[PDB]
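K.L.:
What follows is the file target35.pdb, containing PDB, C-alpha atoms:
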```pdb
ATOM      1  CA  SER H 939     -39.699 -47.724  48.178  1.00  0.00           C
ATOM      2  CA  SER H 940     -38.140 -50.287  50.529  1.00  0.00           C
ATOM      3  CA  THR H 941     -35.812 -52.541  48.532  1.00  0.00           C
ATOM      4  CA  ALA H 942     -32.714 -50.774  47.224  1.00  0.00           C
ATOM      5  CA  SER H 943     -30.177 -51.727  44.537  1.00  0.00           C
ATOM      6  CA  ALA H 944     -32.974 -52.244  41.996  1.00  0.00           C
ATOM      7  CA  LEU H 945     -31.453 -49.728  39.557  1.00  0.00           C
ATOM      8  CA  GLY H 946     -28.112 -51.413  38.977  1.00  0.00           C
ATOM      9  CA  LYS H 947     -27.816 -50.602  35.277  1.00  0.00           C
ATOM     10  CA  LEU H 948     -28.005 -46.811  35.517  1.00  0.00           C
ATOM     11  CA  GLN H 949     -25.881 -46.794  38.667  1.00  0.00           C
ATOM     12  CA  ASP H 950     -23.105 -48.865  37.123  1.00  0.00           C
ATOM     13  CA  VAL H 951     -23.139 -46.803  33.922  1.00  0.00           C
ATOM     14  CA  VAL H 952     -22.584 -43.689  36.029  1.00  0.00           C
ATOM     15  CA  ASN H 953     -19.896 -45.486  38.028  1.00  0.00           C
ATOM     16  CA  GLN H 954     -18.063 -46.582  34.877  1.00  0.00           C
ATOM     17  CA  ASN H 955     -18.038 -43.060  33.460  1.00  0.00           C
ATOM     18  CA  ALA H 956     -16.836 -41.568  36.745  1.00  0.00           C
ATOM     19  CA  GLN H 957     -14.110 -44.190  37.161  1.00  0.00           C
ATOM     20  CA  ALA H 958     -12.793 -43.696  33.630  1.00  0.00           C
ATOM     21  CA  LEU H 959     -12.701 -39.936  34.120  1.00  0.00           C
ATOM     22  CA  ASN H 960     -10.944 -40.280  37.483  1.00  0.00           C
ATOM     23  CA  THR H 961      -8.235 -42.557  36.130  1.00  0.00           C
ATOM     24  CA  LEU H 962      -7.743 -40.192  33.189  1.00  0.00           C
ATOM     25  CA  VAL H 963      -7.226 -37.235  35.516  1.00  0.00           C
ATOM     26  CA  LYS H 964      -5.005 -39.297  37.834  1.00  0.00           C
ATOM     27  CA  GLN H 965      -2.721 -40.240  34.938  1.00  0.00           C
ATOM     28  CA  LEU H 966      -1.370 -36.662  35.070  1.00  0.00           C
ATOM     29  CA  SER H 967       0.826 -37.571  38.065  1.00  0.00           C
ATOM     30  CA  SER H 968       3.222 -39.946  36.270  1.00  0.00           C
ATOM     31  CA  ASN H 969       6.862 -39.255  35.449  1.00  0.00           C
ATOM     32  CA  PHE H 970       6.777 -41.334  32.235  1.00  0.00           C
ATOM     33  CA  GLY H 971      10.567 -41.520  32.584  1.00  0.00           C
ATOM     34  CA  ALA H 972      11.238 -37.786  32.908  1.00  0.00           C
ATOM     35  CA  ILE H 973      12.613 -36.068  36.011  1.00  0.00           C
ATOM     36  CA  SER H 974       9.337 -34.611  37.323  1.00  0.00           C
ATOM     37  CA  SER H 975       5.595 -34.885  36.778  1.00  0.00           C
ATOM     38  CA  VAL H 976       4.994 -31.106  36.880  1.00  0.00           C
ATOM     39  CA  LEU H 977       5.913 -29.068  33.818  1.00  0.00           C
ATOM     40  CA  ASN H 978       6.481 -25.649  35.400  1.00  0.00           C
ATOM     41  CA  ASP H 979       9.215 -27.019  37.663  1.00  0.00           C
ATOM     42  CA  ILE H 980      11.299 -28.527  34.868  1.00  0.00           C
ATOM     43  CA  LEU H 981      10.725 -25.375  32.832  1.00  0.00           C
ATOM     44  CA  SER H 982      12.070 -23.292  35.723  1.00  0.00           C
ATOM     45  CA  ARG H 983      14.980 -25.615  36.543  1.00  0.00           C
ATOM     46  CA  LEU H 984      16.992 -26.442  33.422  1.00  0.00           C
ATOM     47  CA  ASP H 985      18.022 -25.284  29.970  1.00  0.00           C
ATOM     48  CA  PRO H 986      15.489 -25.554  27.089  1.00  0.00           C
ATOM     49  CA  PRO H 987      17.864 -27.816  25.068  1.00  0.00           C
TER      50      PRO H 987
ATOM     51  CA  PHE U 347      41.750 -31.068  51.662  1.00  0.00           C
ATOM     52  CA  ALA U 348      41.153 -34.656  52.737  1.00  0.00           C
ATOM     53  CA  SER U 349      41.931 -37.799  50.752  1.00  0.00           C
ATOM     54  CA  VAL U 350      39.661 -39.322  48.123  1.00  0.00           C
ATOM     55  CA  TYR U 351      38.920 -42.354  50.304  1.00  0.00           C
ATOM     56  CA  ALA U 352      38.189 -40.002  53.225  1.00  0.00           C
ATOM     57  CA  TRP U 353      36.302 -37.273  51.362  1.00  0.00           C
ATOM     58  CA  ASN U 354      35.286 -34.378  53.599  1.00  0.00           C
ATOM     59  CA  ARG U 355      31.529 -33.779  53.814  1.00  0.00           C
ATOM     60  CA  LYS U 356      29.975 -30.521  55.012  1.00  0.00           C
ATOM     61  CA  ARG U 357      26.320 -29.615  55.532  1.00  0.00           C
ATOM     62  CA  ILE U 358      24.929 -26.198  54.593  1.00  0.00           C
ATOM     63  CA  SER U 359      21.495 -25.031  55.728  1.00  0.00           C
ATOM     64  CA  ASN U 360      19.656 -21.863  56.770  1.00  0.00           C
ATOM     65  CA  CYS U 361      21.579 -19.350  54.674  1.00  0.00           C
ATOM     66  CA  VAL U 362      21.214 -17.031  51.692  1.00  0.00           C
ATOM     67  CA  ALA U 363      23.554 -18.164  48.920  1.00  0.00           C
ATOM     68  CA  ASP U 364      24.729 -16.264  45.836  1.00  0.00           C
ATOM     69  CA  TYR U 365      25.751 -18.789  43.186  1.00  0.00           C
ATOM     70  CA  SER U 366      26.602 -16.097  40.619  1.00  0.00           C
ATOM     71  CA  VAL U 367      30.065 -15.525  42.091  1.00  0.00           C
ATOM     72  CA  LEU U 368      30.725 -19.214  41.447  1.00  0.00           C
ATOM     73  CA  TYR U 369      29.868 -18.832  37.766  1.00  0.00           C
ATOM     74  CA  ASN U 370      31.697 -15.501  37.526  1.00  0.00           C
ATOM     75  CA  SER U 371      34.984 -16.869  38.882  1.00  0.00           C
ATOM     76  CA  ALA U 372      37.265 -18.324  36.210  1.00  0.00           C
ATOM     77  CA  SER U 373      39.456 -20.209  38.707  1.00  0.00           C
ATOM     78  CA  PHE U 374      37.501 -23.440  38.116  1.00  0.00           C
ATOM     79  CA  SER U 375      38.649 -25.765  35.344  1.00  0.00           C
ATOM     80  CA  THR U 376      35.366 -27.707  35.186  1.00  0.00           C
ATOM     81  CA  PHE U 377      31.951 -26.356  36.237  1.00  0.00           C
ATOM     82  CA  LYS U 378      29.464 -29.078  35.304  1.00  0.00           C
ATOM     83  CA  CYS U 379      25.882 -29.220  36.584  1.00  0.00           C
ATOM     84  CA  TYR U 380      23.592 -32.165  35.872  1.00  0.00           C
ATOM     85  CA  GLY U 381      20.070 -31.742  37.227  1.00  0.00           C
ATOM     86  CA  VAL U 382      19.790 -27.959  36.919  1.00  0.00           C
ATOM     87  CA  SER U 383      20.945 -25.204  34.607  1.00  0.00           C
ATOM     88  CA  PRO U 384      23.948 -23.334  36.063  1.00  0.00           C
ATOM     89  CA  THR U 385      22.431 -19.903  35.396  1.00  0.00           C
ATOM     90  CA  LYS U 386      19.154 -20.664  37.224  1.00  0.00           C
ATOM     91  CA  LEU U 387      20.720 -21.456  40.610  1.00  0.00           C
ATOM     92  CA  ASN U 388      19.898 -18.063  42.133  1.00  0.00           C
ATOM     93  CA  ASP U 389      16.260 -18.575  41.082  1.00  0.00           C
ATOM     94  CA  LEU U 390      15.616 -21.630  43.287  1.00  0.00           C
ATOM     95  CA  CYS U 391      15.331 -22.465  46.982  1.00  0.00           C
ATOM     96  CA  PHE U 392      16.604 -25.728  48.486  1.00  0.00           C
ATOM     97  CA  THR U 393      17.243 -27.378  51.833  1.00  0.00           C
ATOM     98  CA  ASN U 394      20.105 -29.514  53.164  1.00  0.00           C
ATOM     99  CA  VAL U 395      22.890 -28.646  50.740  1.00  0.00           C
TER     100      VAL U 395
END
```
Give the structure from this file in structure tokens form.

P.N.:
Amino acid sequence: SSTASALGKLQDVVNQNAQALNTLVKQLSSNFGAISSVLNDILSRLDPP
Amino acid sequence: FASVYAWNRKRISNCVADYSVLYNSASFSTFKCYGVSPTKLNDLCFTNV
């Protein structure tokens, strides 16, 4: 009841899953060498070739 | 028209521009666009031209 942080294993498992998912969803904001990180913009800007 | 070493710069803002007349006119020897498709110009909105 009083002492906290006695459940480190379950807590850190949850933290690991959440962190992996967050970095996966954050990876969507990278140019990867292209001109923009959003697909609709480059679709609407230039020629399909 | 000014010299190449003293190229004349003009700023265009707060206007409604029709780029089609530029593509329609045949008076231009070279009409080369790099970041955008020439036919999509009327479909976009910019600032500080």

K.L.:
Residues of chain H within 6 Å of chain U: nearest atom pair and distance (Å, one decimal) for each, counting only C-alpha atoms, sorted by chain and number, as a tab-separated table?

P.N.:
```
residue	atom	partner	partner_atom	distance
H:983	CA	U:382	CA	5.4
H:984	CA	U:383	CA	4.3
H:985	CA	U:383	CA	5.5
```

K.L.:
Grab the CA of residue 980 in chain H to CA of residue 391 in chain U distance for me, in Å with one decimal place.

P.N.:
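Going from CA of residue 980 in chain H over to CA of residue 391 in chain U, I get 14.1 Å.
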
K.L.:
Could you tell me how far CA of residue 963 in chain H sits from CA of residue 975 in chain H, in Å to one decimal place?

P.N.:
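Distance reported for this atom pair: 13.1 Å.
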
K.L.:
For residue 361 in chain U, work out the shell of residues within 12 Å, counting all atoms listed in the file and skipping chain neighbours fewer than 4 positions away, then give it as a CSV table (one decimal) with C-alpha atoms, in the coordinates of the input.

P.N.:
```csv
chain,number,residue,atom,x,y,z
U,357,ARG,CA,26.3,-29.6,55.5
U,391,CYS,CA,15.3,-22.5,47.0
U,392,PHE,CA,16.6,-25.7,48.5
U,393,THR,CA,17.2,-27.4,51.8
U,394,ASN,CA,20.1,-29.5,53.2
U,395,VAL,CA,22.9,-28.6,50.7
```

K.L.:
Which value, in Å to one decimal, gives the distance between CA of residue 979 in chain H and CA of residue 362 in chain U?

P.N.:
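Atom-to-atom, CA of residue 979 in chain H to CA of residue 362 in chain U, that is 21.0 Å.
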
K.L.:
Output requested as a compact mmCIF listing (two decimals), keeping the file's coordinate frame - range 377-389 of chain U, filled out with N, CA, C and O atoms.

P.N.:
```
# COMPACT_ATOMS: atom_id res chain seq x y z
N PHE U 377 33.15 -26.80 35.52
CA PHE U 377 31.95 -26.36 36.24
C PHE U 377 30.77 -27.06 35.57
O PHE U 377 30.18 -26.52 34.63
N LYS U 378 30.43 -28.26 36.03
CA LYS U 378 29.46 -29.08 35.30
C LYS U 378 28.29 -29.41 36.21
O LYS U 378 28.45 -30.10 37.22
N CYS U 379 27.10 -28.94 35.84
CA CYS U 379 25.88 -29.22 36.58
C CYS U 379 25.01 -30.18 35.79
O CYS U 379 24.97 -30.12 34.56
N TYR U 380 24.31 -31.06 36.50
CA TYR U 380 23.59 -32.16 35.87
C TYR U 380 22.08 -31.99 35.92
O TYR U 380 21.42 -32.00 34.88
N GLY U 381 21.51 -31.82 37.11
CA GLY U 381 20.07 -31.74 37.23
C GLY U 381 19.47 -30.38 37.01
O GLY U 381 18.26 -30.27 36.81
N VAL U 382 20.28 -29.32 37.04
CA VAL U 382 19.79 -27.96 36.92
C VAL U 382 20.69 -27.17 35.98
O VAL U 382 21.86 -27.52 35.78
N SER U 383 20.14 -26.11 35.42
CA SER U 383 20.94 -25.20 34.61
C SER U 383 21.80 -24.31 35.51
O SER U 383 21.30 -23.79 36.51
N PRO U 384 23.07 -24.12 35.18
CA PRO U 384 23.95 -23.33 36.06
C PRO U 384 23.49 -21.90 36.27
O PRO U 384 23.74 -21.34 37.34
N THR U 385 22.83 -21.30 35.29
CA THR U 385 22.43 -19.90 35.40
C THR U 385 21.14 -19.70 36.18
O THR U 385 20.80 -18.55 36.48
N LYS U 386 20.42 -20.77 36.51
CA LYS U 386 19.15 -20.66 37.22
C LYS U 386 19.30 -20.89 38.72
O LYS U 386 18.29 -20.89 39.44
N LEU U 387 20.53 -21.07 39.22
CA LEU U 387 20.72 -21.46 40.61
C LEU U 387 20.19 -20.41 41.57
O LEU U 387 19.58 -20.76 42.59
N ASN U 388 20.39 -19.13 41.28
CA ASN U 388 19.90 -18.06 42.13
C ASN U 388 18.38 -17.95 42.12
O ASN U 388 17.82 -17.22 42.94
N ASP U 389 17.71 -18.66 41.22
CA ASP U 389 16.26 -18.58 41.08
C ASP U 389 15.52 -19.65 41.87
O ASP U 389 14.29 -19.69 41.82
```
